[PDB]
There are 2 protein chains.
Amino acid sequence: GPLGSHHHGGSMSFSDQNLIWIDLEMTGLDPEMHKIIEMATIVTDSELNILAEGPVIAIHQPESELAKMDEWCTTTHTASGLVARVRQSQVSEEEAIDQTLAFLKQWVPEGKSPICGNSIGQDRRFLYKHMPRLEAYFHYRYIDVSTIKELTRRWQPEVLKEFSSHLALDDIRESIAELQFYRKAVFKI
Amino acid sequence: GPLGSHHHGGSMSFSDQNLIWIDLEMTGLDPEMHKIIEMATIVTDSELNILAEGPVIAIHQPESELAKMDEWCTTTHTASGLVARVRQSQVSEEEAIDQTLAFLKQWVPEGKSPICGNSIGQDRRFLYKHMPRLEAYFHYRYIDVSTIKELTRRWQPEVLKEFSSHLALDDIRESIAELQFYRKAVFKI
């Protein structure tokens, strides 16, 4: 697969092995026409203990952009309250990047943590397009919790039943809890 | 994360639960300026038994595109023989898509298999940009074998030592073998 010449102050808990967890909410699935409307980050250590919780940011977008949400997006993000927070927000993407980067720099250096979460491949696509300065803060690797879920569904479906918002803070916290479950129930550590 | 109104003849082994494995080789890491130079696919069943091996395609590119490879790409893809096959190839991206789609349709329906392999997030980015008709054949989910490797490196590093080309067929076969190893050594199925 991919190959390149580069691919071949803060906390007393600062570590190259800390993990950056991120979730985004968007107006749709296509980075070329859709926009980021919410972001949240959390830092754990390599053992998934939460060290710090980043800013939860609703990113302002005009109605012309909200009018691109399909029916499921519109219904979901309106009912959750996210649309109202987006309309009220005075935070641009660039300000959201600045705030998030300023947060992460106290916990892990640039380029060291994989990107972690659920549906993290799709989220990274929107980082590349709309927030490349923040995308660049991650190591090239991914920790896709959804990969573990799908293999467990296929191979150990009864185990998956043991574990039970489209708001970014809830989704990222749930992803950590879900990986914590897999570590115990699937990996058996 | 992502949400949408759509996200909320052949073999006697044809199945919705068969897995499409894919690897790409590229001239670099940026889909907006770099190109796909090789692709390979393999279909397994859900238990990772190989059912079928797809076309291994070197995709023609002109020197102006090969001249974008950085030193590690140039050295690697030249020494493997891939550059010479790319220059000799008469197969365009569009023909590569047609051949690959014609292959996959005998094994699994459109939209049912996650995309499977190593570094599969980066490969899917190039599918979105350069081969959207083929990207559309995959289910939105990913099976990122690299995610399992990175968690095993952090949590069970001694186990990872038990398992030992940048040519697409070798890489995809190795990814299946590596997931087969994790299923036995890490998941303990």
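FYI the Cβ positions are ideal-geometry reconstructions off the backbone, even for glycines, and counts take in every protein chain you see. Laboratory data are not the source of any read-out in this text; all were calculated from the coordinates shown.
In summary, the stretch B:25-73 shows an alpha-carbon radius of gyration equal to 1.50 times the 2.2 N^0.38 Å reference for compact globular proteins.
Per-residue ellipticity at 222 nm for the protein assembly as shown, helices alone: DSSP H runs ≥ 4 residues times -39500 (n - 2.57), over residue total, nearest 500 deg cm²/dmol?
It lands at -12000 deg cm²/dmol.
From least to most packed, judged by other beta carbons within 10 angstrom and beginning with the fewest, B:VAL43, B:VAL91 follow the order B:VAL91, B:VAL43.
Averaging over every viewing direction, what projected area does the convex hull of the Cα atoms of the stretch A:1-110 cover, in nm²?
9.6
In terms of surrounding Cβ atoms within a 10 Å radius of their Cβ, A:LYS161, A:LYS129 rank from fewest to most as A:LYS161, A:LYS129.
Ordering A:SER175, A:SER89, B:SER119 from the fewest to the most neighbouring beta carbons within 10 Å gives A:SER89, B:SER119, A:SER175.
With its label point put 7 Å out from Cα toward Cβ, B:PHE163 sits 1.9 nm from the same residue's point in the other copies, in order from shortest. Remark: mean inter-chain Cβ contacts per residue of B:137-143 equal 4, using a 10 Å Cβ-Cβ cutoff to other protein chain atoms. Under the simplified labelling scheme, the B:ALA136-B:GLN99 pair shows an inter-label distance of 2.2 nm, with each label point 7 Å from Cα along Cα→Cβ. Within the same chain, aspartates and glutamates fewer than 8 places from A:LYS68 are excluded, and of the rest, those with a Cα less than 15 Å from its Cα are A:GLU25, A:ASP30, A:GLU32. For the protein assembly as shown, the normalised intensity computed at q = 0.07, 0.10, 0.14, 0.15 Å⁻¹ comes to -0.31, -0.66, -1.31, -1.47 (log10 of I(q)/I(0), Debye sum over alpha carbons, equal scatterers, no solvent). Diffusion of the stretch A:19-186 by Stokes-Einstein, at 25 °C in a medium of 0.890 mPa s and with Rh set to the Kirkwood radius over alpha-carbon pairs, works out to 149 µm²/s.
For A:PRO132, the distances from its label point to the matching points in the remaining copies are 2.0 nm, ordered from shortest, with each point set 7 Å beyond Cα toward Cβ. Position A:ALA67: other-copy label points at 4.5 nm, ordered by increasing distance, label point 7 Å along Cα→C-beta. For the stretch A:51-122, rounded, prolate or oblate, judged on the Cα gyration tensor with a ≥ b ≥ c (square roots of eigenvalues), a/c < 1.5 rounded, else prolate if a/b > b/c? The shape class here is prolate.
From the P(r) of the stretch B:134-175, can you give the percent of Cα pairs sitting at distances over 11 Å? Looking at the stretch B:134-175, the distances longer than 11 Å represent 74 percent of pairs. Counts of other chain beta carbons within 10 angstrom of each beta carbon in peptide B:119-128 average 5.
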